[PDB]
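One line per chain: the protein sequences are A and L, in this order. Here the first sequence stands for residues 34 to 68, 93 to 296, 334 to 353, 397 to 424, 439 to 466, numbered as in the deposited numbering. All residue numbers for the second sequence refer to the deposited numbering, where the first residue is 102 and numbers rise by one. Single-structure report; data block below.
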Amino acid sequence: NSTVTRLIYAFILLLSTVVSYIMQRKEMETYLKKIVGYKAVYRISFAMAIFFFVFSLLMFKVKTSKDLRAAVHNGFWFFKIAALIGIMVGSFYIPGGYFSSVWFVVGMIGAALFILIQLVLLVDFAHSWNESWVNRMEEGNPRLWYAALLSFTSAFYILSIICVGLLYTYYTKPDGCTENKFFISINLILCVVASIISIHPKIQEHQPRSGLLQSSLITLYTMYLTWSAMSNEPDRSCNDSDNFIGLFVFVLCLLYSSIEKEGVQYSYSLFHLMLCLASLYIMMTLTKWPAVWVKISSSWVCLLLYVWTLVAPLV
Amino acid sequence: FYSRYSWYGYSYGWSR
């Protein structure tokens, strides 16, 4: 029931997302002008955030399924969609201009928080994957599973190295763009440490199922984040598929995260709040130095989270 | 059992 409802909400969220994306097409521009695509997407995202936030607050402190709030959580879909459409229509009725920039800042904030929570989910996913795979290797034919892990981890490292080489070739030059070099080098050194720190005998003694596979996954994600970071730099002299890949990891993370009378198996309110932050992130992704700072800070906090998740239990 | 400090982590399958 919990998983089914979470998947329902994820599916409707993705439906709203694809709606927003299709509005942006130049074909739809003439129809909208009868009341461009960027403004329509802004309105849709604002409606998404507003209604998701109000449901989140409504489901605050859900204690039991007998409470009508949980029953609504399990149903009343017609009412949900009606509220969605109603707020969507109201979204346009707000005047634009400065409020647009206010919502732009709000969306930056939400995207930052969402990338934080998404990386938390990603590290949890990698830990679980590694644990299950190593257990299976221990039980059955050790050699086959071992070769599997080795191959996948080495392939992920290979992809990381080759993409970093592409970054060297394209986004950096000896005559300038020293900031790009600095970002590349700092990310490389931190991720290399994250790899090395996975091999500390004390760490393994405190984290029996830690391994290189999750380290490689985190490194690759970080390199992707870096590529997106300079991808959005307005300066073409220094500077789409990155955005599509971001949406793909969005879908993956949301699906995995989605994957009663006595107590709630999960915080419904915090679930709705994460959905809202996801909507805000979608807004931003569909669209200057501040963005670069946001992305690099996201990379830094990601690697900080990795170090924390590896060390804190020892503390 | 004889666990070890292998790449994938802490286990004894290779030396069970």
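For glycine and all other residues, C-beta sits at the position ideal for the given N, C-alpha and C.
State yes or no: is the beta carbon of A:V180 nearer than 9 Å to at least one beta carbon in chain L? Closer than 9 Å: no.
Can you pull the chain L neighbours of A:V191, defined as C-beta to C-beta under 8 Å? Taking a Cβ-Cβ threshold of 8 Å, the residues of chain L close to A:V191 are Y109, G110 and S112, in chain order.
Cutting at 6 Å between CB atoms, please list the residues of its own chain near A:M105, excluding the five before and the five after it. Once the five neighbours on either side are set aside, the close Cβ partners of A:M105 are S49 and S416.
List the endpoints of the continuous alpha helix (DSSP H) containing A:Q175. Counting along the chain, the alpha helix (DSSP H) containing A:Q175 begins and ends at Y155 to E196.
What in chain A is Cβ-close to L:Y106, meaning under 7 Å? Neighbours of L:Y106 on chain A, chain order: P258 and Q261.
Going along the chain, which residues of the region 267–284 of chain A sit with their C-beta nearer than 8 Å to a C-beta in chain L? Those would be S267, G268, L269 and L270, in chain order.
Using a cut-off of 9 Å between C-beta atoms, extract the partners of A:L206 located in chain L. Here the neighbours are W108 and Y109.
Might you give, ordered along the chain, the residues of its own chain that have their beta carbon closer than 6 Å to the beta carbon of A:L465, omitting 5 neighbours on each side? Excluding residues within five positions, the ones whose Cβ falls inside 6 Å are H263.
Three-state secondary structure assigned by DSSP to L:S112: DSSP places L:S112 in strand when its eight states are reduced to three.
State the start and end residues of the unbroken alpha helix (DSSP H) segment that holds A:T229. From DSSP, A:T229 is part of no alpha helix (DSSP H); its letter is neither H nor E.
Looking only at its chain, what residues have a beta carbon closer than 8 Å to the beta carbon of A:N34, apart from the 5 residues adjacent to it on each side? The answer, listed in chain order, is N131 and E397.
Confirm, please, whether the CB-CB distance from A:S352 to A:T121 is below 9 Å. Taking 9 Å as the cut-off, the Cβ atoms of A:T121 and A:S352 do not count as close.
Is it right to say A:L455 is buried, meaning 16 or more other beta carbons lie within 10 angstroms of its own, or is it exposed? Looking at its Cβ environment, which holds fewer than 16 other Cβ atoms inside 10 Å, A:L455 is exposed.
Have a look at A:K259, A:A251 and A:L282 and flag the residue whose alpha-carbon is nearest the alpha-carbon of A:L269. Of A:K259, A:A251 and A:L282, the residue nearest in Cα terms is A:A251.
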